[PDB]
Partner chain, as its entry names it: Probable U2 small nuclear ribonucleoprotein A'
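Quick heads-up: it's one chain on its own, the form deposited without its partner chain, in structure tokens.
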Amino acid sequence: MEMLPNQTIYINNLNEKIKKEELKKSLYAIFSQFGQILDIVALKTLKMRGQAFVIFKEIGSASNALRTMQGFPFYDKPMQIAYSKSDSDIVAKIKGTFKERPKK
């Protein structure tokens, strides 16, 4: 398994205690050392406490950050990361579950 370049990466095993602000600072503190971030998206709601997205300078820099930080103990949990546009948001869009009701 090897990732493919995309300007955005998706993170899905953050320690859920981490606030949006703490995620933002920790990404700026460490993940920018591995490619320079351009933008960050997480939320204080539980649905984005273990999960985040982050947009990088260039697709190669995004790839470098992703692969280097994959499995890294960024907190008391090893990170799990993928490149965007091959991640749960697009999977939910093609399933419809992004916006469809579970039943009518």
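Positions refer to the first chain, counted from 1.
Although not depicted, the form deposited with its partner chain bound is the subject of the following passage.
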Worksheet entry | Contact flag, residue 40 vs its partner chain in the bound PDB entry, heavy atom cut 4.5 Å | yes
Worksheet item: Is residue 33 close to its partner chain in the bound PDB entry, meaning a heavy atom pair under 4.5 Å apart or at it?
Response: yes
Item to complete: Mark residue 22 yes when one of its heavy atoms lies within 4.5 Å of a heavy atom of its partner chain in the bound PDB entry, and no otherwise.
Response: yes
Item to complete: Considering only heavy atoms, tell me if residue 26 and its partner chain come within 4.5 Å of each other in the bound PDB entry.
Response: yes
